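Structure 1 and structure 2, given next as structure tokens, are two forms of the same protein chain, each shown alone.
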Structure 1
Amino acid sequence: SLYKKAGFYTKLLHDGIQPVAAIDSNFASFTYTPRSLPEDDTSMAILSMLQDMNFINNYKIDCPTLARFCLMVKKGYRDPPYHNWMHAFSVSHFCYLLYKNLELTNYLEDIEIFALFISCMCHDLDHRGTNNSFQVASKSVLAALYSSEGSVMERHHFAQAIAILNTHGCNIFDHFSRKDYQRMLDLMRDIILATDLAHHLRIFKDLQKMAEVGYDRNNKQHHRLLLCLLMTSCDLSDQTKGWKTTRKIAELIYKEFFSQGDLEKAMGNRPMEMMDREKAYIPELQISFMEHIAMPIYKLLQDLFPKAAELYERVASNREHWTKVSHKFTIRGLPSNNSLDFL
């Protein structure tokens, strides 16, 4: 359960902005797997995505500042099995895919799409590999600061994003007017807070009403609801890839969850079944998660955007795969080598 922080640019300045096709001919496709990109090339890819969506020119972002901001964001992640920089990078890449494939400019303002992308990069900053309940039970400093207000980790991720912006030479919004700077801060707050599953459960009925009634580009509340759904779709986007990706990501999620469970047992507390390596049955847990969480999210995206139908079908397909592998996976927890390669 010990996950380190790396700390407390010239290569990026020389040629950090590359045309996206030079990274991969399939870079703008829903079939691209951003986790296949070497970690050392992710900062360059973030700049390339911002350049390709024309945010650098349109918002007059200073490249050296953007380069330092990206490197600070990357250094802001610890190394738990799942909630690390590679997860934030892939979430950010999915946000770029939504922009490239769904024509978001017809549903949201350019500033909202910009905030969505930046929020994707920052959304799990300084994650400790533990959930909100753990912060409360361990009586952590983060729970002392935010438990009374809800979404302990999410409030911390936002606070860490703000601290990066307040670091000298990293303020990418420095030249914005007081009104636009505040709007960026407000959007990032709401978008990051939408990554709390408890928040998604609370607004579901309203998201399912919006899809039923149809999207209204002049309803400010519809813009807020869409941003929440888009953020959760980016957060769970590993579920829209091939079966090898979903299987590997399930292995990382449970390595992280089981370490939290071992830590709660060492504290003399009984963990949730899904966090207990002696009780958890991963195929059944993934089928419930796919059915209750990911599948309804992508079905809502399909209802609002017809081009997103392939995403839902890919998620439904990965859920069907868990049913088929459950015959070959006959143990609780993970095998001794923490790998699901045997499947």
Structure 2
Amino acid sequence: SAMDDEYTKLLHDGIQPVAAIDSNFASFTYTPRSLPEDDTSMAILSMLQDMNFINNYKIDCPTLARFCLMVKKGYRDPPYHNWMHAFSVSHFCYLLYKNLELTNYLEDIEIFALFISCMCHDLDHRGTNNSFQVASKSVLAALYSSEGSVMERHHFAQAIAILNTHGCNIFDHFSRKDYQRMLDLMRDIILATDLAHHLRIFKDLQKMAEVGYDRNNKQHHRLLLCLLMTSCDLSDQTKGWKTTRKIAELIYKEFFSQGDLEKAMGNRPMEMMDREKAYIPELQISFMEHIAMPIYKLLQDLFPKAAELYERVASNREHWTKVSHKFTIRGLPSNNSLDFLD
């Protein structure tokens, strides 16, 4: 019923102009997690409208309103992999569209697929990684462990289940060819969010950046879509320091909850998921150096206007070294007590 009245307003009230959301809404400096969650479904419609997808693809407005709410409701509330993550990843896709001239690189339908994939790419995340699905012998591992990318296959399957819900198939007027294309793109893009997949294709991404993007090379299109999806997925690290500090809190809260579960199963968690071993500043520096910075360096190599993104990621990484000394207890704790020693 609450879904129903939210739908009624989303459908009949009109799509707010994107500029009314925030006067910096289309800037790389904007932090979409500042938007109240109650306003995010309308902001999705505003972005879809501003990218001209609603008109270009003649999306049915009741269907689209239903779809957007179904996707939002398809996220649970772990500390990090929740709807506000999917919303902020989608918003970064919109930023890429508005700032980087993606139409010189990608087909319209590929840009559309990228944005819809961003909305859907973590659907029904339970706050645990692929390794945990296998180790805990979850239903998801029973379905997909033999293919790999367990969670990402689930996210994709959830996206399809939403489309296959009556009243929610925003593509169902597409030609059979275009429908097959959209769903194939969604598969490839959502599966690209597995960082194991990123790490596997990284050399090919480097080689594409080295030789130069060839808009007539179908494999270049696929590679670029993967890179852009990863860039959206990690885009929290391209904001200022307070965003990255908070996002670190959320990720490690989620990780440490998984680690507590693995210990209860008699298994040794990864150091980064073990609240007794993980040293957050060094793990964040390592993640920035070895994963985040190279991704945004490739993005800048391909799109010079993305330079500020890489510079911000590098700065945030420098901040971690600067604050690391504060994880060492000087003097006495604030209570003047050493009772934590016992």
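Heads up, when I say rigid core I mean the largest set of C-alphas that superpose within 1.5 Å between the two forms. Shifts are known only where both forms have a C-alpha. Numbering runs along the sequence of structure 1, starting at 1.
- Relative to the superposed rigid core, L334 undergoes a CA displacement of at least 2 Å between structures 1 and 2.
- With the core fitted, the CA of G268 sits 1.1 Å away from its counterpart between structures 1 and 2.
- We note a C-alpha movement of 2.6 Å at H14 between structures 1 and 2, with the rigid core held in register.
- Relative to the superposed core, shifted segments between structures 1 and 2, defined as three or more consecutive residues with every Cα moved by 2 Å or more, span 14 to 16, 330 to 343.
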